[PDB]
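Coming up is one lone chain in C-alpha cells, specifically the form deposited in one PDB entry.
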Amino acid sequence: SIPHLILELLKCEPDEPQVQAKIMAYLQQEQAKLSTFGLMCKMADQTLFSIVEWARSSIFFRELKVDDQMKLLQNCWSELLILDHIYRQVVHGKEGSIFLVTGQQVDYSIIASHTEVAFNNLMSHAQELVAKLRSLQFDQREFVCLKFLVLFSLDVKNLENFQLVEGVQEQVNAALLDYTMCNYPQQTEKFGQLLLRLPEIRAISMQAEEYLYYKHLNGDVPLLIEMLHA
C-alpha cells in the first residue's frame, strides 16, 4: 500500500547496519584523549557526514548543482541530525534509555549527569517528540517522507532551480498524505500531526545549535563546526 514516489526514495536510504559500523570503528580504533563530551560531538559529526552523503547521492537532490545543494544543507542539517536521532529512539530506543548511532544503548539518567542542565532540556524535549511519534505509529515510510520534506523546504530563498524544490515538496506532501490515510485510517488525523512536528524539530535544532556554538567558543569542541560557522 505504498505510493510509487515513496518506494523510490526508500531506495535512497543508507544501509543502517554498516552505517553504525563505520562510526563505531572511526570512534574506537581511530583513538590512538577525548572526554565524554568529545565523543557525542565526533559521533554527531560522523552522523552528519553520513546524512550529507545520503543527501547528495539521493534521487532528485542529485539533479541540483552544488550551489543549490549547499543552500539546502545550510538550512536543515541540524534538523536532519535531530530527526535522525528522534527516529532512532522511536524504533530502537526505549524509556530511560537512549540508542546511539553505534548500536550502543545508554540510560537517560546516566547521560543526565554526564552533561549540564541546558543539554537536559534538549533530549527531554526530544523524548517528548519521540513519545508523540510513538503513539502515532510513525513508521519508516512516513519517516523518509519527512526527511525530504526537511531537505526541500519552501523557506529556503534565492534558489537557482527553485522549481524542482517546489515540485519535490509538493509531491512528497502528496505521497505522504496518500500513504498515511491508506496505512493509518483509524488513526485519522495522523498526516496533520506529523506535519505539525516539523516546526518542533526546527525548534530543538535551533537550541541544539545555540548549545553547540557556546561549547565551541568555550573550548569544549574538537565539519560539524564548519556547518555552524556559516
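All residue numbers are counted from 1 along the displayed sequence.
From this point on, the text means the form solved in complex with a partner chain, which you will not see here.
Asker: Looking at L195, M70, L164, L177, which has any heavy atom no more than 4.5 Å from its partner chain in the entry with it bound?
Answerer: Checked against the cut-off, the match is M70.
Asker: Would you mind picking the one in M181, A203, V52, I59 that has a heavy atom within 4.5 Å of its partner chain in the entry with it bound?
Answerer: Flagged contact: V52.
Asker: Is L223 a contact residue for its partner chain in the entry with it bound, using a 4.5 Å heavy atom cut-off?
Answerer: Flag for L223 set to yes.
Asker: Does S135 reach its partner chain in the entry with it bound if we count a contact as any heavy atom within 4.5 Å?
Answerer: Contact with its partner chain, no.
Asker: Could you tell me if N158 has a non-hydrogen atom within 4.5 Å of its partner chain in the entry with it bound?
Answerer: Contact with its partner chain, no.
Asker: Report yes if any heavy atom of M227 sits within 4.5 Å of a heavy atom of its partner chain in the entry with it bound; otherwise report no.
Answerer: It does: once its partner chain is placed as it appears in the entry with it bound, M227 has a heavy atom within 4.5 Å of it.
Asker: Thinking of its partner chain in the entry with it bound, which stretch from 122-130, 86-94, 70-78, 140-148 has heavy atoms inside 4.5 Å of it?
Answerer: That would be 70-78.
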